[PDB]
Each structure stands twice: as C-alpha cells, then as structure tokens.
Number of protein chains: 2
Amino acid sequence: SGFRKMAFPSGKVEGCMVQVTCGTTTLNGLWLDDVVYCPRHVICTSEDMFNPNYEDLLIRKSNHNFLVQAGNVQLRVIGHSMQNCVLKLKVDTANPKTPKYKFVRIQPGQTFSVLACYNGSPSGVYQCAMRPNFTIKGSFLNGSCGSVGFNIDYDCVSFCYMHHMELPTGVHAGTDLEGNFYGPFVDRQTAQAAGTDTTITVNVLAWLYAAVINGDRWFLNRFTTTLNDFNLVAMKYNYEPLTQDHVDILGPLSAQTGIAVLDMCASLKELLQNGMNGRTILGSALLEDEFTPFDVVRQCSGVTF
Amino acid sequence: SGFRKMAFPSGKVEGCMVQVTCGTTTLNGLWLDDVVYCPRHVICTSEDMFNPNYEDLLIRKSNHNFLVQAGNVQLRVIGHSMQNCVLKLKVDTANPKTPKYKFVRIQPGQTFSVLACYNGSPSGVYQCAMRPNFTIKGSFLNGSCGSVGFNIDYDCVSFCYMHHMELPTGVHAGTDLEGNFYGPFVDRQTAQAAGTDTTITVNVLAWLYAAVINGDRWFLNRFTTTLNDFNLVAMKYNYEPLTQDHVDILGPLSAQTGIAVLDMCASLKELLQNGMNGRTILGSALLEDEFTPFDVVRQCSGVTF
Ligand SMILES: CC(C)(C)[C@H](NC(=O)C(F)(F)F)C(=O)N1C[C@H]2[C@@H]([C@H]1C(=O)N[C@H](C=N)CC1CCNC1=O)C2(C)C
Ligand SMILES: CC(C)(C)[C@H](NC(=O)C(F)(F)F)C(=O)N1C[C@H]2[C@@H]([C@H]1C(=O)N[C@H](C=N)CC1CCNC1=O)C2(C)C
Ligand SMILES: [Cl-]
Ligand SMILES: [Cl-]
Ligand SMILES: [Cl-]
Ligand SMILES: [Cl-]
Ligand SMILES: [Cl-]
Ligand SMILES: [Cl-]
Ligand SMILES: [Cl-]
Ligand SMILES: [Cl-]
Ligand code: NA
Ligand code: NA
Ligand code: NA
Ligand code: NA
Ligand code: NA
Ligand code: NA
Ligand code: NA
Ligand code: NA
Ligand code: NA
Ligand code: NA
C-alpha cells in the first residue's frame with residue numbers, strides 16, 4: 001500500500017544525455033541514434049536571447065562550432081539543421097545506449113517524468129503534468145535546457161517534452177521533440193505570460209480512487225450525480241469540464257474499486273462545496289490533479305518496465 | 001526556480017536489479033560485482049512467513065535452488081550465505097554495470113530515493129525519508145521486496161535501505177544492506193506496530209528555506225528566538241528537538257539566503273502556534289519534513305551526478 005509522486009525509471013534516458021556547447025553557451029542534448037537534439041538557443045549569446053534571429057545565428061555556425069561531449073568522449077558533428085525550436089546535430093557515431101523510443105505530443109492534463117540535467121549530467125527526476133494553460137510547473141535552473149520529459153511503455157521511451165524557458169510566475173514552458181512549443185510561447189527573452197490555469201478534474205478523481213484504494217474513505221457518500229449536474233458545480237471552482245471521454249478513461253479504476261465514476265463525482269462535488277472539514281486525503285490537505293488514471297493504476301498494480 | 005519532490009537518477013541502480021526466485025517465491029535482488037543481495041524470506045513459503053526459521057529453511061537449500069535472472073540471462077549461483085535478514089548469493093559472473101557503491105546505515109530524518117521493482121524490473125522511483133520511528137512511508141506491493149533505497153554522491157551510489165515488510169498503519173519497514181532492520185522490527189508475519197512518529201524539525205526549516213528561495217516569504221517575521229525557547233514550543237506539537245548539530249547543518253542554507261537559522265525558527269514558531277491562516281507554502285497547505293538541508297541545496301543549486 002501507499003501512494004507517492006512516482007516518476008519513471010530514468011535509466012534509459014540517462015544513457016542519451018549529452019553536453020552541447022556552442023561558443024560560450026552550454027546546454028543539454030538528447031543523443032538518439034546518430035542525432036543530438038538540443039534547444040536552438042544554444043547558439044545564442046546573452047544579448048542574442050532578447051530578439052534572436054536563430055536562422056541568421058545558424059548560418060554563421062559550422063559543424064565544428066558545436067561541441068558535443070558524451071561523458072569523456074567528444075562526438076564529431078557531421079551535420080546540423082533546425083526544426084522549429086530544436087537543432088538536429090548529426091554525429092558520426094550512433095549512441096549504443098539508444099533505447100526504443102518515440103516522439104509524441106502529449107495533451108493537457110497528461111503527466112510525464114522530467115530528468116533534470118546540467119552540463120549533460122542528470123541532477124534528478126520528478127513527476128510533472130502538462131497544465132491546461134500549456135505550461136508545466138517545474139524545478140529548473142539556468143543550464144537545465146535540453147532536459148526532457150518522458151513516459152515509458154514497456155521498453156519504449158516516449159519523449160514528449162524539452163525544457164526551454166521559465167515564465168515570470170515561476171512556471172516553465174517548452175516544446176515537443178519536434179521543436180513545437182506547448183502553448184503560444186516563443187523562445188525569446190520578452191514579456192510573456194501564462195494564461196489562467198485550471199484544475200484537471202479527471203486527475204482529481206483518479207487521485208480520489210487511489211485514496212479509496214489505500215483506505216482513505218471518509219469523503220465517500222451514498223449520493224450520485226449526473227455529468228451535467230457535476231460540471232455545473234465544478235465550473236465555478238475553475239475545474240476542467242468532465243467529458244464522457246474522461247469517464248471512459250476512469251473506467252478501469254471504477255471497475256477495480258467497485259465505485260461508479262458518477263459516485264466519485266458526487267464525492268468530489270461535496271468536497272468542492274464544503275471543503276475538507278479539517279481532514280486530509282493521502283496525507284494532503286489539498287486536492288491533487290497531477291495523477292492521471294494510468295498513473296494510479298501503474299502505481300497501485302505495480303506495472304514494471 | 002521551482003521546488004519538487006526530486007529523486008536521484010536511478011540509472012546506476014537499474015543496472016543492478018535482478019530477479020531472484022527460490023521455489024515459488026519471486027523477489028528482487030541487488031547484483032553488485034559477483035554477489036546478489038536479496039531479502040532472506042525468498043526461501044519462505046506463504047505458511048513459513050508466520051514463524052519462520054530462516055536458518056533451517058536455508059539448510060535445505062542448495063545453490064541451484066536459487067534462480068537469478070538478469071534480463072534474459074540466468075546467473076549461475078556458486079555460493080550462498082545469510083547475513084542477518086539478507087542472503088548473499090555468489091554468482092559466477094560479475095555485473096559489468098556495477099557502479100562505484102557503498103553500504104551505509106542512514107539516520108532518522110535522512111532521505112533517499114527508492115527504486116520500486118517487481119520481478120527484477122523497475123516500476124518507478126520516488127523520494128522517501130527515514131521517519132524518527134524507524135519506518136518509512138512507501139509505495140510497495142507484494143513482490144516489491146528487494147527494492148532498494150539510495151543516495152548518490154557524484155559517481156558513488158550509497159545503498160542504505162532494502163524493503164522487507166509493510167506495517168498495519170500503511171507504513172513500511174526494512175533493513176540496511178547488511179540485513180540489519182531499521183527499528184525493533186523482525187521479518188515475520190506477526191503483530192508488529194510502529195511507535196509514535198514525530199515531525200523532523202530540521203527538515204521543516206530546510207523546506208522553509210526553499211520556500212524563501214522560490215519567493216514564498218509571507219511567513220517571515222522580524223522576530224528572533226533562542227534554541228531553548230523554540231524547542232519548548234515545538235515539543236508540544238510533536239516536533240523533533242532542534243540540536244546545535246541541526247543548526248550547523250542548516251548553515252549553508254542560512255548563508256545563501258541571508259536569514260539566520262534562529263530567525264527561521266522564529267517563523268516556524270509562529271506557524272506552529274497560529275497555523276497558516278488559509279495560506280500555502282510552495283503550493284502546500286501542510287508543513288513538509290522530508291526535505292533534508294542537502295536536498296534543498298542540491299535541487300536549488302543544480303548538483304549533478
Ligand atoms: C527565466 C528568464 C526570465 C531568464 C527567461 N524567461 C523568459 O524570457 C519568458 F518570460 F519569456 F519566459 C528565460 O527563461 N530565458 C531567456 C532565453 C532563454 C531562457 C533560459 O534562460 N533557459 C534556461 C536554460 N538553461 C532555463 C531557465 C533559466 C531560468 N529558469 C529556467 O527555466 C530564452 C527564452 C532563449
Ligand atoms: C503486509 C503484511 C500484513 C502481509 C505483512 N506485514 C507484517 O507482517 C507486519 F505487520 F509485521 F509488518 C508483510 O508485509 N509480510 C509477511 C512476511 C513478509 C512480508 C511481505 O509480504 N513483503 C512483501 C514482499 N514483496 C512486500 C509487501 C507486501 C505488502 N506490503 C508490502 O510492503 C514477511 C515479513 C517475511
Ligand atoms: Cl512524494
Ligand atoms: Cl548555466
Ligand atoms: Cl470503501
Ligand atoms: Cl462527520
Ligand atoms: Cl512533486
Ligand atoms: Cl508478488
Ligand atoms: Cl525575502
Ligand atoms: Cl496579514
Ligand atoms: Na496510504
Ligand atoms: Na536592435
Ligand atoms: Na525510433
Ligand atoms: Na520579468
Ligand atoms: Na472499494
Ligand atoms: Na516556486
Ligand atoms: Na507450530
Ligand atoms: Na565497493
Ligand atoms: Na493485521
Ligand atoms: Na533572501
């Protein structure tokens with residue numbers, strides 16, 4: 001028993017982390033096969049990052065201008081190109097530790113593990129969730145760029161995020177592994193603001209199922225409700241509208257616990273209108289919305305990789 | 001910026017995880033050099049675990065009775081012995097992925113990363129803290145035994161915990177890598193209860209420093225206090241007595257933030273007597289005591305491994 005913010009094992013991702021240095025800027029790169037993916041502002045100086053012309057800054061750069069280091073071995077760059085906000089550095093040696101992988105673009109509310117790195121070396125791993133405002137809350141410092149977000153399915157590592165910048169409210173923004181930003185953000189040091197964030201409703205319900213699985217049951221009531229009646233109350237508390245797709249995704253958890261999804265919605269409805277009354281759930285005095293239904297099943301059933 | 005429950009990169013530990021099967025019981029083992037460490041109740045049946053005689057159960061076992069699998073390769077066992085509550089299975093092949101490591105016995109209040117495994121395969125990683133009652137809150141299911149807790153210093157992996165059992169209150173107990181249990185617990189299915197747990201005071205203060213580092217400052221006041229005056233108030237809220245050693249350990253954080261330790265104690269004193277007044281700290285409405293001062297510095301300064 002027990003429930004924890006559990007990240008995926010980062011071993012497969014650690015074997016692909018490299019150091020990328022262009023001039024005086026040093027960032028992290030993702031070494032898959034014979035290509036190194038890294039944020040495109042590695043070619044920027046401190047003054048370039050205000051109004052950067054990445055196309056122009058890349059013309060004045062040759063292959064030898066990119067210093068890629070895998071541990072104590074320097075990777076010879078034999079090609080380079082730019083795909084949106086990421087550079088593709090072609091090296092003459094393929095990474096032997098390249099795991100089976102895929103490039104995916106996750107949806108808001110979905111979670112992933114972040115392997116925070118500096119100078120091509122991993123510092124730690126934690127769990128994150130793509131907020132509905134297309135930002136992620138993170139733990140990133142300068143030099144963390146190129147660190148990636150990921151999910152693991154059996155032997156396949158699905159890369160879904162690459163860090164790029166931090167917003168004034170302390171949250172972080174980045175792109176997918178094709179350089180496409182999550183949200184209306186751009187990689188330049190100007191005034192940028194994240195939109196109003198909302199609470200991921202389907203993840204809150206999944207977190208309530210984990211609580212029931214682990215013995216936390218005081219919030220359960222004999223009432224039921226309709227999807228329309230629940231969304232009318234949740235919308236006033238800045239909660240995500242619960243769709244039929246979310247109910248179908250919560251099916252596996254509802255079947256294992258024996259609690260209908262609309263029953264759990266009736267419990268969440270009471271929790272939003274009356275609070276927690278000095279009580280906690282899984283040791284937390286606040287509702288938790290960064291646990292997908294799969295995160296609950298994977299943790300409570302022991303899915304391995 | 002940002003602060004998160006961050007675990008160490010588990011890559012070095014994943015390369016040592018193996019599957020250990022004795023009869024019908026399958027657990028996890030730690031493959032370091034040519035020795036596999038695993039919990040000693042792998043030789044137990046379901047009925048043996050009530051009043052087990054591990055010495056007697058081991059006499060009736062030969063080397064070939066232990067089935068060790070590293071991925072798709074079976075490791076031939078050429079020796080076996082028991083050290084307290086752990087078995088040392090000597091194999092004929094040394095693990096090439098053996099990292100620089102050490103066996104340490106951590107103190108209450110210190111943290112580590114748990115690589116939860118099943119059938120020798122990693123399921124996830126999370127951060128844990130050795131509670132003052134010598135239990136750890138965890139996320140373990142049946143088959144999780146042999147999973148280990150660890151800390152990383154540069155290139156050295158310090159193994160400090162091995163999972164064994166779960167207590168009735170949902171918490172978990174285990175041993176060090178020499179088979180010595182943490183606390184007065186034994187590896188048998190009988191009535192066992194964890195003592196009254198307390199809040200790790202020095203870790204709460206370290207968590208308050210991380211909050212100040214990340215902009216959370218509403219709880220700061222102009223008051224100061226003495227170590228004697230703070231411990232008199234904290235003792236009534238079931239907090240750990242703050243010692244001079246704890247103040248010296250918080251030195252690095254106090255110097256970086258420019259806030260004296262006794263000043264932070266004056267803030268914590270007010271927080272314990274008056275609550276949080278509907279406010280949060282680092283998004284949390286409860287005080288956090290599983291972040292050592294080193295965990296704060298390592299995360300907020302980007303220490304890599
Ligand atoms: C935070 C700062 C106000 C400086 C700025 N923010 C905005 O410009 C915004 F407001 F538009 F977001 C910003 O992050 N950057 C300016 C510039 C890059 C980037 C950057 O330094 N990346 C770091 C690389 N290691 C990761 C860091 C550092 C701090 N926190 C992180 O996460 C680019 C957008 C090209
Ligand atoms: C939880 C149970 C009431 C069954 C019992 N607890 C107590 O006997 C106590 F109350 F004394 F703690 C207990 O855990 N065990 C009985 C027996 C071992 C062990 C065990 O099953 N280990 C599992 C191995 N994969 C890890 C698990 C399983 C569930 N939760 C975990 O963490 C031994 C102590 C030899
Ligand atoms: Cl956690
Ligand atoms: Cl840097
Ligand atoms: Cl129930
Ligand atoms: Cl009541
Ligand atoms: Cl977290
Ligand atoms: Cl099992
Ligand atoms: Cl301040
Ligand atoms: Cl006020
Ligand atoms: Na629990
Ligand atoms: Na200009
Ligand atoms: Na591929
Ligand atoms: Na600003
Ligand atoms: Na149930
Ligand atoms: Na913050
Ligand atoms: Na008997
Ligand atoms: Na050694
Ligand atoms: Na019991
Ligand atoms: Na300060």
# chains A, B, ... in the order shown; residues from 1 in each chain; ligands from 1
call {"tool": "interface_residues", "arguments": {"of": "chain A", "to": "chain B", "cutoff": "7 Å", "atoms": "only C-alpha atoms", "output": "NGL selection string"}}
result
:A and (1-11 or 14 or 118 or 121-126 or 138-141 or 170 or 285-286 or 302-305)
call {"tool": "write_last_selection", "arguments": {"atoms": "C-alpha atoms", "output": "short mmCIF file (atom, residue, chain, number, x, y, z; two decimals), in the first residue's frame"}}
result
data_model
loop_
_atom_site.label_atom_id
_atom_site.label_comp_id
_atom_site.auth_asym_id
_atom_site.auth_seq_id
_atom_site.Cartn_x
_atom_site.Cartn_y
_atom_site.Cartn_z
CA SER A 1 0.00 0.00 0.00
CA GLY A 2 0.94 3.67 -0.06
CA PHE A 3 0.82 6.36 -2.73
CA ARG A 4 3.62 8.62 -3.90
CA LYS A 5 4.60 11.04 -6.63
CA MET A 6 6.38 8.31 -8.59
CA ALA A 7 8.49 9.03 -11.67
CA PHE A 8 9.52 6.55 -14.32
CA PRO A 9 12.96 4.92 -14.03
CA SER A 10 15.28 7.33 -15.81
CA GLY A 11 17.97 4.80 -16.75
CA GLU A 14 20.29 8.92 -18.75
CA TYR A 118 23.00 20.27 -16.16
CA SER A 121 24.68 15.21 -16.41
CA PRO A 122 21.44 14.22 -14.63
CA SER A 123 20.66 16.01 -11.37
CA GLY A 124 17.33 14.39 -10.51
CA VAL A 125 13.97 13.10 -11.67
CA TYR A 126 10.45 14.19 -10.74
CA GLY A 138 8.98 22.56 -12.82
CA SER A 139 12.29 22.68 -10.96
CA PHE A 140 14.70 24.19 -13.49
CA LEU A 141 17.73 26.47 -13.19
CA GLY A 170 7.69 30.51 -11.69
CA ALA A 285 -4.92 18.86 2.77
CA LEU A 286 -5.40 19.99 -0.85
CA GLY A 302 2.97 -2.48 -9.91
CA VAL A 303 3.44 -2.09 -13.66
CA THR A 304 7.12 -2.59 -14.48
CA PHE A 305 9.36 -1.53 -17.36
#
call {"tool": "residues_around", "arguments": {"residues": "residue 78 of chain A", "least_positions_apart": "2", "cutoff": "7 Å", "atoms": "only C-alpha atoms", "output": "PyMOL selection string"}}
result
chain A and resi 63+76+90-92
call {"tool": "write_last_selection", "arguments": {"atoms": "C-alpha atoms", "output": "mmCIF file, in the first residue's frame"}}
result
data_model
loop_
_atom_site.group_PDB
_atom_site.id
_atom_site.type_symbol
_atom_site.label_atom_id
_atom_site.label_comp_id
_atom_site.auth_asym_id
_atom_site.auth_seq_id
_atom_site.Cartn_x
_atom_site.Cartn_y
_atom_site.Cartn_z
ATOM 1 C CA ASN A 63 29.575 21.672 -37.739
ATOM 2 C CA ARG A 76 32.232 14.663 -34.022
ATOM 3 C CA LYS A 90 24.176 14.715 -36.775
ATOM 4 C CA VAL A 91 27.172 12.913 -35.265
ATOM 5 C CA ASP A 92 29.433 10.313 -36.851
#
call {"tool": "residues_near_ligand", "arguments": {"ligand": "ligand 9", "cutoff": "9 Å", "atoms": "only C-alpha atoms and all ligand atoms", "output": "list in words"}}
result
residues 212, 213, 215, 216, 217, 218, 220, 257, 258 and 259 of chain B
call {"tool": "residues_near_ligand", "arguments": {"ligand": "ligand 17", "cutoff": "12 Å", "atoms": "only C-alpha atoms and all ligand atoms", "output": "MDAnalysis selection string"}}
result
chainID B and resid 47:48 50:53
call {"tool": "select_by_dssp", "arguments": {"residues": "segment 163-298 of chain B", "states": "helix (DSSP H, G or I)", "output": "VMD selection string"}}
result
chain B and resid 201 to 213 227 to 237 244 to 249 251 to 257 261 to 274 293 to 298
call {"tool": "residues_around", "arguments": {"residues": "residue 289 of chain A", "least_positions_apart": "2", "cutoff": "12 Å", "atoms": "only C-alpha atoms", "output": "number ranges by chain"}}
result
A: 5, 108-111, 128-132, 197-208, 239-240, 284, 286-287, 291-293, 295-296
call {"tool": "residues_around", "arguments": {"residues": "residue 38 of chain B", "least_positions_apart": "5", "cutoff": "7 Å", "atoms": "only C-alpha atoms", "output": "list in words"}}
result
residues 28, 29, 30, 86, 87 and 146 of chain B
call {"tool": "write_last_selection", "arguments": {"atoms": "N, CA, C and O atoms", "output": "mmCIF file, in the first residue's frame"}}
result
data_model
loop_
_atom_site.group_PDB
_atom_site.id
_atom_site.type_symbol
_atom_site.label_atom_id
_atom_site.label_comp_id
_atom_site.auth_asym_id
_atom_site.auth_seq_id
_atom_site.Cartn_x
_atom_site.Cartn_y
_atom_site.Cartn_z
ATOM 1 N N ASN B 28 13.134 -9.432 -5.652
ATOM 2 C CA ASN B 28 14.167 -8.676 -6.339
ATOM 3 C C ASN B 28 15.503 -8.821 -5.622
ATOM 4 O O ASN B 28 15.562 -8.981 -4.399
ATOM 5 N N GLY B 29 16.581 -8.767 -6.403
ATOM 6 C CA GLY B 29 17.915 -8.838 -5.857
ATOM 7 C C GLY B 29 18.762 -7.678 -6.342
ATOM 8 O O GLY B 29 18.492 -7.065 -7.376
ATOM 9 N N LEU B 30 19.802 -7.386 -5.565
ATOM 10 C CA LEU B 30 20.763 -6.330 -5.870
ATOM 11 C C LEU B 30 22.067 -6.991 -6.303
ATOM 12 O O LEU B 30 22.762 -7.600 -5.484
ATOM 13 N N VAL B 86 19.346 -10.775 5.212
ATOM 14 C CA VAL B 86 19.611 -10.720 3.781
ATOM 15 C C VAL B 86 20.452 -11.930 3.390
ATOM 16 O O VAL B 86 21.270 -12.422 4.175
ATOM 17 N N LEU B 87 20.223 -12.432 2.179
ATOM 18 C CA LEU B 87 21.024 -13.511 1.618
ATOM 19 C C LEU B 87 22.052 -12.946 0.650
ATOM 20 O O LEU B 87 21.764 -12.016 -0.110
ATOM 21 N N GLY B 146 13.171 -6.472 -1.869
ATOM 22 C CA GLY B 146 14.462 -6.467 -2.520
ATOM 23 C C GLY B 146 14.721 -5.147 -3.216
ATOM 24 O O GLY B 146 15.839 -4.831 -3.547
#
call {"tool": "select_by_dssp", "arguments": {"residues": "segment 11-198 of chain B", "states": "strand (DSSP E or B)", "output": "JSON, numbers by chain"}}
result
{"B": [17, 18, 19, 20, 21, 22, 25, 26, 27, 28, 29, 30, 31, 32, 35, 36, 37, 38, 39, 66, 67, 68, 69, 70, 73, 74, 75, 77, 78, 79, 80, 81, 82, 83, 86, 87, 88, 89, 90, 91, 101, 102, 103, 111, 112, 113, 114, 115, 116, 117, 118, 121, 122, 123, 124, 125, 126, 127, 128, 129, 136, 148, 149, 150, 151, 152, 153, 156, 157, 158, 159, 160, 161, 162, 163, 164, 165, 166, 172, 173, 174, 175, 181]}
call {"tool": "residues_around", "arguments": {"residues": "segment 269-275 of chain A", "least_positions_apart": "2", "cutoff": "10 Å", "atoms": "only C-alpha atoms", "output": "list in words"}}
result
residues 219, 220, 221, 223, 224, 225, 229, 230, 231, 232, 233, 234, 236, 237, 239, 263, 264, 265, 266, 267, 277, 278, 279, 285, 286 and 287 of chain A
call {"tool": "closest_residue", "arguments": {"among": "A:106, A:57, A:44, A:16", "to": "residue 71 of chain A", "atoms": "only C-alpha atoms"}}
result
A:16
call {"tool": "residues_around", "arguments": {"residues": "segment 179-196 of chain A", "least_positions_apart": "3", "cutoff": "6 Å", "atoms": "only C-alpha atoms", "output": "ChimeraX atom specification"}}
result
/A:49-50,83-86,133-134,174-176
call {"tool": "atom_distance", "arguments": {"atom1": "atom CA of residue 228 of chain B", "atom2": "atom CA of residue 294 of chain B"}}
result
24.6 Å
call {"tool": "atom_distance", "arguments": {"atom1": "atom CA of residue 162 of chain A", "atom2": "atom CA of residue 135 of chain A"}}
result
12.0 Å
call {"tool": "residues_around", "arguments": {"residues": "residue 55 of chain A", "least_positions_apart": "3", "cutoff": "10 Å", "atoms": "only C-alpha atoms", "output": "list in words"}}
result
residues 40, 52, 58, 59, 60, 81 and 82 of chain A
call {"tool": "write_last_selection", "arguments": {"atoms": "N, CA and C atoms", "output": "PDB file, in the first residue's frame"}}
result
ATOM      1  N   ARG A  40      17.452  25.290 -29.508  1.00  0.00           N
ATOM      2  CA  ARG A  40      18.123  26.061 -30.544  1.00  0.00           C
ATOM      3  C   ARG A  40      18.787  27.331 -30.027  1.00  0.00           C
ATOM      4  N   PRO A  52      16.257  37.279 -30.889  1.00  0.00           N
ATOM      5  CA  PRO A  52      17.157  36.388 -31.628  1.00  0.00           C
ATOM      6  C   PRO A  52      16.647  36.075 -33.024  1.00  0.00           C
ATOM      7  N   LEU A  58      22.412  30.638 -37.081  1.00  0.00           N
ATOM      8  CA  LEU A  58      22.817  29.303 -37.505  1.00  0.00           C
ATOM      9  C   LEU A  58      23.641  29.327 -38.788  1.00  0.00           C
ATOM     10  N   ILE A  59      23.433  30.330 -39.645  1.00  0.00           N
ATOM     11  CA  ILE A  59      24.209  30.430 -40.880  1.00  0.00           C
ATOM     12  C   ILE A  59      25.687  30.623 -40.567  1.00  0.00           C
ATOM     13  N   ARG A  60      25.991  31.443 -39.565  1.00  0.00           N
ATOM     14  CA  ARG A  60      27.367  31.728 -39.180  1.00  0.00           C
ATOM     15  C   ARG A  60      28.003  30.605 -38.373  1.00  0.00           C
ATOM     16  N   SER A  81      20.955  20.972 -38.587  1.00  0.00           N
ATOM     17  CA  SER A  81      19.774  21.608 -39.152  1.00  0.00           C
ATOM     18  C   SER A  81      18.875  22.025 -37.999  1.00  0.00           C
ATOM     19  N   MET A  82      17.894  22.864 -38.313  1.00  0.00           N
ATOM     20  CA  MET A  82      16.974  23.399 -37.320  1.00  0.00           C
ATOM     21  C   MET A  82      15.553  22.982 -37.669  1.00  0.00           C
TER      22      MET A  82
END
call {"tool": "closest_residue", "arguments": {"among": "A:136, A:282, A:35, A:157", "to": "ligand 1", "atoms": "only C-alpha atoms and all ligand atoms"}}
result
A:136
call {"tool": "atom_distance", "arguments": {"atom1": "atom 16 (C, counted along the ligand's line) of ligand 1", "atom2": "atom CA of residue 45 of chain A"}}
result
10.2 Å
call {"tool": "residues_near_ligand", "arguments": {"ligand": "ligand 13", "cutoff": "7 Å", "atoms": "only C-alpha atoms and all ligand atoms", "output": "number ranges by chain"}}
result
A: 100-102
call {"tool": "write_last_selection", "arguments": {"atoms": "N, CA, C and O atoms", "output": "PDB file, in the first residue's frame"}}
result
ATOM      1  N   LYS A 100      14.606   1.882 -27.506  1.00  0.00           N
ATOM      2  CA  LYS A 100      13.418   2.025 -28.334  1.00  0.00           C
ATOM      3  C   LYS A 100      12.635   3.238 -27.853  1.00  0.00           C
ATOM      4  O   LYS A 100      12.339   3.361 -26.660  1.00  0.00           O
ATOM      5  N   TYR A 101      12.332   4.153 -28.770  1.00  0.00           N
ATOM      6  CA  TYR A 101      11.757   5.433 -28.391  1.00  0.00           C
ATOM      7  C   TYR A 101      10.751   5.891 -29.438  1.00  0.00           C
ATOM      8  O   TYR A 101      10.614   5.296 -30.511  1.00  0.00           O
ATOM      9  N   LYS A 102      10.053   6.975 -29.106  1.00  0.00           N
ATOM     10  CA  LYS A 102       9.089   7.603 -29.996  1.00  0.00           C
ATOM     11  C   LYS A 102       8.946   9.064 -29.594  1.00  0.00           C
ATOM     12  O   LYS A 102       9.166   9.427 -28.436  1.00  0.00           O
TER      13      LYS A 102
END
call {"tool": "closest_residue", "arguments": {"among": "A:19, A:107, A:243, A:158", "to": "residue 89 of chain A", "atoms": "only C-alpha atoms"}}
result
A:19
